[PDB]
Amino acid sequence: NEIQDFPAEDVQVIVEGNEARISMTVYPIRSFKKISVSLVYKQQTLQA
Amino acid sequence: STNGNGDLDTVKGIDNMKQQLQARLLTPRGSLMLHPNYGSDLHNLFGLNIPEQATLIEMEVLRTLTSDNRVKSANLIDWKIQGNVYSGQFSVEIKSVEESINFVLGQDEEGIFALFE
């Protein structure tokens, strides 16, 4: 859990001569610093 | 109350049974002098709004109705909860005409013609 997620497909490698080029995508780790929660009350009737 | 003819009012037969059942259900148990068991515990059953308290009420009411000797049996019909308000209804089978006839005609041997139940 140092990173959130990453798609394996995006890991592409180009090799040519003495040079190696690599592309990737990573979803950075994050930490919660806000919580918003909504509550709703409702009537109920029970029978039998 | 008065009967309108300057004499004390009287309830008979089914009216009498209504009166006695209402009075027993309304009376708290143990409050009546000389009669610890007469009454009902409904004054304490003003609990939460869940099926459990409904069942407690129902069981207490069935106990209170069964306590009467004349009530042959009682049973739940239907109940519901509307938040604050609880609502329920019961069915009471008093002793049949044949049994009452047999009892009264048997009482002729003694001549009391009165009820000390």
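Points worth noting:
- Index of the failed condition, B:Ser73 passing every other in (1) surrounded by 13 or more Cβ atoms within 10 Å (Cβ to Cβ); (2) among the hydroxyl-bearing types (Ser, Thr, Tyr); (3) not in a helix (DSSP H, G or I): (1)
- Scan of segment B:77-86 for residues that are within 9 Å of another protein chain (Cβ to nearest Cβ) and under 21 Å from the mean Cα position of the chain (by Cα), ordered by number: B:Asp78, B:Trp79
- Qualifying position, being surrounded by 11 or more Cβ atoms within 10 Å (Cβ to Cβ), without any contact (Cβ under 8 Å) to a residue 40 or more places away in the chain and closer than 17 Å to B:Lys18 by Cα, among B:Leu115, B:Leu62: B:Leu62
- Of the numbered criteria (1) out of contact with any strand residue (DSSP E or B) (no Cβ under 8 Å at 6 or more places or on another chain); (2) not in a loop (DSSP other than H, G, I, E, B), the one B:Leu62 fails is (1).
Read-outs throughout are calculated quantities, based only on the coordinates presented, and are distinct from any laboratory measurement. Please note: Cβ atoms are built from the backbone with ideal geometry, for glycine as well, and neighbour counts cover all protein chains shown.
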